[PDB]
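Visitor: Below is a structure I'd like to ask you about.
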Amino acid sequence: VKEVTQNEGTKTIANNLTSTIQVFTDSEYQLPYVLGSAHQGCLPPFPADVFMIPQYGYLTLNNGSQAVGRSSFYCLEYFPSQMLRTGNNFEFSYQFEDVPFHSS
Amino acid sequence: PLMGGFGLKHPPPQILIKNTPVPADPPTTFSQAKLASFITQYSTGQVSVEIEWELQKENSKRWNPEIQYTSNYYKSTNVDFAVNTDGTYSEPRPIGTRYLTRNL
């Protein structure tokens, strides 16, 4: 985790060793599931590329630009998440439900 | 079902009921014809039906409030879903089952 500041025109970057990040996996499927729309931001094809993580957003019922009464608003901080500092790591496992072989 | 409902292959078995016919006095001399004169008769009673239901509890992280079914807060000549002056029960409006939300 790195802090970056601006003094006039110069830039400088430095470790912040106490800083954290927050990671949860939505395993109850309680959020708008936005994967599968073929958006950019996947891991690069080539293992030597460094990639920028895409921003999360979601769409809800509308009428015009206005919102209707069924429109949901989700606050992602309202889930349990795991806070990781520079020494910490994260893991989870997942098991696919039975699916027909892709017929190639 | 296209009207809405639970399509069943073996639905609840239909229950049939009848007043057993009681003949009026037959003639004193035998006759082949069936007995065409009966006692005017009817029956009454009490019936009970008890259905156990299985519920799927709503589990959702939506932040903002849902839409609920609420009775009219404002005054009225008489309560809705209750008898009027003459004892006539009435149901003022059809009530559907979908007020909760999920993510599509």
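Identifiers for the structure tokens are assigned positionally: chains receive A, B, ... in sequence, residues are indexed from 1 per chain, and ligands are indexed from 1 in the order shown.
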What residues in chain A lie within 8 Å of chain B, counting only C-alpha atoms, written as a list in words?

Guide: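 For chain A, the answer reads residues 30, 31, 32, 69, 70, 72, 73, 74, 75, 78 and 79 of chain A.
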
Visitor: I need the chosen residues saved as a PDB file, in the first residue's frame, with C-alpha atoms.

Guide:
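To be explicit, this is the file written out as part_13.pdb:
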ATOM      1  CA  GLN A  30     -26.771 -10.817  -2.464  1.00  0.00           C
ATOM      2  CA  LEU A  31     -25.379  -8.086  -4.753  1.00  0.00           C
ATOM      3  CA  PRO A  32     -25.926  -7.166  -8.372  1.00  0.00           C
ATOM      4  CA  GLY A  69     -39.761   2.740  -5.793  1.00  0.00           C
ATOM      5  CA  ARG A  70     -38.334  -0.732  -6.352  1.00  0.00           C
ATOM      6  CA  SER A  72     -32.357  -0.867  -4.647  1.00  0.00           C
ATOM      7  CA  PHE A  73     -29.323   0.854  -3.195  1.00  0.00           C
ATOM      8  CA  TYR A  74     -26.518  -1.325  -1.851  1.00  0.00           C
ATOM      9  CA  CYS A  75     -23.783  -0.187   0.525  1.00  0.00           C
ATOM     10  CA  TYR A  78     -22.443  -3.178   5.052  1.00  0.00           C
ATOM     11  CA  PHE A  79     -21.009  -6.661   4.497  1.00  0.00           C
TER      12      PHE A  79
END

Visitor: Quick one: everything within 9 Å of range 40-57 of chain B, counting only C-alpha atoms, minus sequence neighbours fewer than 4 positions away in the same chain. Send it as a count of residues only.

Guide: 3

Visitor: Out of range 41-81 of chain A, which residues get strand (DSSP E or B) from DSSP, as a list in words?

Guide: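 In range 41-81 of chain A, DSSP puts these residues in strand (DSSP E or B): residues 62, 63, 66 and 67 of chain A.
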
Visitor: Output C-alpha atoms for every residue in the selection just made, as a tab-separated table (two decimals), in the first residue's frame.

Guide:
chain	number	residue	atom	x	y	z
A	62	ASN	CA	-35.36	3.40	-13.72
A	63	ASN	CA	-37.99	5.43	-15.47
A	66	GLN	CA	-35.42	9.02	-12.47
A	67	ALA	CA	-35.65	6.04	-10.14

Visitor: For residue 4 in chain A, find every residue with an atom within 12 Å (counting only C-alpha atoms), except residues of its own chain fewer than 4 positions away, and show them as a list in words.

Guide: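 Near residue 4 in chain A, the qualifying residues are residues 10, 11, 12, 13, 14, 15 and 16 of chain A.
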
Visitor: So the first atom is CA of residue 80 in chain B and the second is CA of residue 68 in chain B; what is the distance between them in Å, to one decimal place?

Guide: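 CA of residue 68 in chain B lies 16.9 Å from CA of residue 80 in chain B.
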
Visitor: Quick one: distance from CA of residue 59 in chain A to CA of residue 28 in chain A in Å, one decimal?

Guide: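 The value is 19.3 Å.
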
Visitor: Taking into account only C-alpha atoms, which residue in the set A:93, A:100, A:52, A:82 is nearest to residue 21 in chain A?

Guide: A:82
